[PDB]
Amino acid sequence: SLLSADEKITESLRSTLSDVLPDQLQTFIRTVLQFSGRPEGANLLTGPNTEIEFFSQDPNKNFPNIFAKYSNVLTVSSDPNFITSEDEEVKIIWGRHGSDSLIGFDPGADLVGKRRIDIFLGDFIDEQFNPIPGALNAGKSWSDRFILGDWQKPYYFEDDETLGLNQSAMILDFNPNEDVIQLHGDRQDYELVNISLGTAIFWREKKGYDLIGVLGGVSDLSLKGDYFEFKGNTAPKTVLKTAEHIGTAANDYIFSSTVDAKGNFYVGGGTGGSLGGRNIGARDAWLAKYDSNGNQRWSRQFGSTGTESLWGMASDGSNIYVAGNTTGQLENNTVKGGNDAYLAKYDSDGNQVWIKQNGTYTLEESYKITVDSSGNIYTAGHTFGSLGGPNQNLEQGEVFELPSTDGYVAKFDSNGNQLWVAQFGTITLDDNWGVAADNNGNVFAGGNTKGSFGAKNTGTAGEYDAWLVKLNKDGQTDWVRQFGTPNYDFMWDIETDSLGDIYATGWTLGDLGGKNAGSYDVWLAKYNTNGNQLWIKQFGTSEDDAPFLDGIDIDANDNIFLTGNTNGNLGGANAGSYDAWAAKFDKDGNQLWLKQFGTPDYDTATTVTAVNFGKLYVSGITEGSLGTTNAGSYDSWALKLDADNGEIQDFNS
Ligand SMILES: CCCC[C@@H](F)CCCC[C@H](C)Cc1cc(O)cc(O)c1
Ligand SMILES: CCCC[C@@H](F)CCCC[C@H](C)Cc1cc(O)cc(O)c1
Ligand SMILES: [Ca+2]
Ligand SMILES: [Ca+2]
Ligand SMILES: [Ca+2]
Ligand SMILES: [Ca+2]
Ligand SMILES: [Ca+2]
Ligand SMILES: [Ca+2]
Ligand SMILES: [Ca+2]
Ligand SMILES: [Ca+2]
Ligand SMILES: [Ca+2]
Ligand SMILES: [Ca+2]
Ligand SMILES: [Ca+2]
Ligand SMILES: [Ca+2]
Ligand SMILES: [Cl-]
Ligand SMILES: [Cl-]
Ligand SMILES: [Cl-]
Ligand SMILES: [Cl-]
Ligand SMILES: [Cl-]
Ligand SMILES: [Cl-]
Ligand SMILES: [Cl-]
Ligand SMILES: [Mg+2]
Ligand SMILES: [Mg+2]
Ligand SMILES: [Mg+2]
Ligand SMILES: [Mg+2]
């Protein structure tokens with residue numbers, strides 16, 4: 001019976017949210033929701049007003065730590081939720097700019113009896129909080145997809161005698177003119193109920209009801225509207241049987257790849273399941289080795305009862321170095337506070353040689369790693385603390401500046417001893433999205449900044465620019481460069497060629513290398529070792545085109561390979577949703593080929609690795625059945641390509 005559903009839903013959500021979220025965070029959320037004109041959820045948070053300790057050195061009070069613990073803050077890009085992990089009862093999933101594919105509930109996790117509320121914000125963009133109007137993206141929004149179920153099962157589904165209020169999504173900014181709510185089954189499986197908060201979405205069967213999601217501030221919807229997408233009960237038909245398929249019932253992601261000197265191919269990333277070994281808790285890191293004929297030699301899974309991923313991997317020719325973040329305590333390590341970075345070493349046989357966890361009392365992220373020809377290892381990332389030196393934004397003065405990241409690069413020897421750590425940036429956000437060593441002892445770093453780091457930012461409202469830093473063998477800066485348009489420009493990865501020149505790839509919403517074809521476009525930029533910009537190429541379709549994550553590699557012939565996603569017809573006719581794409585360039589920026597592949601469902605490449613004089617590997621993630629039938633939610637895939645023309649080969653030979 002749906003009698004008194006409004007009172008039952010309000011009391012249940014209020015009870016759970018106010019029990020789980022720290023008072024500091026409730027105070028922050030209530031203030032933001034009131035300011036933004038999305039007040040519906042505020043009355044669900046009944047904790048007392050509490051000082052928000054933006055700069056506390058206590059890891060348990062430091063607000064960046066608290067906010068990160070209960071949130072997935074995504075990027076200015078059109079994002080899949082590449083950071084989702086089943087590590088908390090309540091999670092705020094914030095898509096920001098771009099057309100985001102938002103998921104928070106892993107259908108493959110053991111969540112029986114667990115309270116689970118995912119609070120979704122599809123856009124809710126930074127510009128709302130600008131005191132001065134007129135910003136390029138003020139008032140702009142995108143079509144976000146809120147994933148509340150798939151072909152396999154409804155999400156947040158307790159399937160018991162109650163109204164199923166213990167698990168539910170709450171979407172705070174659903175716009176039926178633009179956004180989509182994805183649901184299991186068909187429209188006859190649901191019933192919409194107008195409530196004080198907005199709309200309740202109930203799964204309905206003979207035995208009763210189960211609350212799937214609440215839409216704050218929207219009423220009078222219809223299950224016949226095109227803003228609901230129903231996925232039925234049957235896994236997608238398989239395409240691309242030539243690909244290697246990696247998947248469990250949980251969310252599985254490849255985020256990176258590399259090759260050793262014998263031509264063995266490695267992939268790795270994060271999984272909510274038991275992929276390389278028995279799941280330790282929430283998301284774990286994992287990696288796998290394949291011989292050059294496509295046979296898997298081993299898979300390994302490691303981490304903690306908290307959340308970690310492999311975000312980068314590189315080889316010294318024999319060993320495999322891996323890097324990422326963790327929210328827990330790794331084996332043979334101590335926590336520094338909040339989330340930390342780590343670097344680990346695996347030998348060719350899959351033995352974990354060591355793992356080094358490093359960081360500060362506050363939030364570190366690390367997405368990148370490189371290995372030089374001497375066998376030294378460099379990680380890179382960003383920190384809210386004072387890792388390589390004092391953070392540019394240390395404490396609150398008379399003028400409040402929101403806590404913010406600086407970039408860092410850390411150098412290690414082959415035994416994991418830290419040789420140095422360099423930290424740099426501006427008073428505002430500076431994130432790292434790239435690290436690459438040359439042959440002469442130097443190392444480059446690259447990323448995004450809201451500030452004026454290597455040049456005056458021309459954005460009127462702190463839109464991102466790209467930055468590049470060259471460090472010497474001792475970690476001292478030789479130069480800082482910055483490039484961009486007045487709009488957002490976002491870098492994903494960098495790499496050097498055999499001459500020591502540095503290349504970066506990203507997306508732009510403006511005219512960076514040329515006239516923007518529409519929406520996001522791809523760019524590739526080249527700088528010389530002395531900091532001079534040589535060229536920027538920009539290309540795309542009228543739709544959304546971008547590299548993603550480990551988006552560049554450079555082979556021994558100085559061919560450049562790029563990869564990412566597109567929802568246009570970039571390398572061919574789009575198969576549906578986003579597809580993966582890859583491209584090859586020469587060292588002068590001439591485009592040699594451009595290919596597109598994927599399923600009718602959401603796909604993106606996440607990594608590209610070229611074998612010298614051998615195959616090209618493009619790997620990524622999918623909601624479709626790529627290689628074989630999807631086992632649950634996100635699965636992963638690797639494609640073996642002819643590097644001369646981008647044509648897909650059978651993975652196994
Ligand atoms: C469910 C509630 C949503 C809360 C969070 F999910 C996101 C809101 C972030 C607040 C705002 C962006 C920060 C801020 C402060 C400032 O002082 C200057 C700024 O430009 C920007
Ligand atoms: C793995 C993806 C993580 C992406 C993060 F990079 C998101 C940044 C948070 C946004 C924030 C509201 C903007 C902002 C910062 C700032 O330092 C000053 C501001 O006024 C405003
Ligand atoms: Ca986004
Ligand atoms: Ca969005
Ligand atoms: Ca939206
Ligand atoms: Ca439920
Ligand atoms: Ca884990
Ligand atoms: Ca830390
Ligand atoms: Ca900074
Ligand atoms: Ca810019
Ligand atoms: Ca485009
Ligand atoms: Ca790369
Ligand atoms: Ca697709
Ligand atoms: Ca899966
Ligand atoms: Cl971002
Ligand atoms: Cl806005
Ligand atoms: Cl109930
Ligand atoms: Cl209806
Ligand atoms: Cl099939
Ligand atoms: Cl082996
Ligand atoms: Cl600045
Ligand atoms: Mg029920
Ligand atoms: Mg097989
Ligand atoms: Mg390489
Ligand atoms: Mg296959």
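Counting begins at 1 with the first residue of the sequence. Any value given below was found using the heavy atoms of this structure, including those in side chains, with hydrogens, waters and symmetry copies removed. When a ligand or atom number is given, it counts from 1 through the structure's own listing order.
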For the pair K450 and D465, find out whether any cationic side-chain nitrogen is under 4.0 Å from an anionic carboxylate oxygen.
-> no
Is the closest basic N to carboxylate O distance between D291 and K262 below 4.0 Å?
-> no
Angle at the Ca ion (ligand 6): provide the value between OD1 of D210 and OE2 of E158, rounding to 10 degrees.
-> 100°
Examine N166 and say whether one of its N/O/S atoms is closer to the Ca ion (ligand 6) than 3.0 Å.
-> no
Hey, does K231 have a side-chain heavy atom less than 4.5 Å from the side chain of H184?
-> no
Is any side-chain heavy atom of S222 less than 4.5 Å from a side-chain heavy atom of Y227?
-> yes
Looking at the Ca ion (ligand 6), is one of the N, O or S atoms of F157 less than 3.0 Å from it?
-> no
Can you give me the O-the Ca ion (ligand 6)-O angle for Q167 and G164, to 10°?
-> 90°
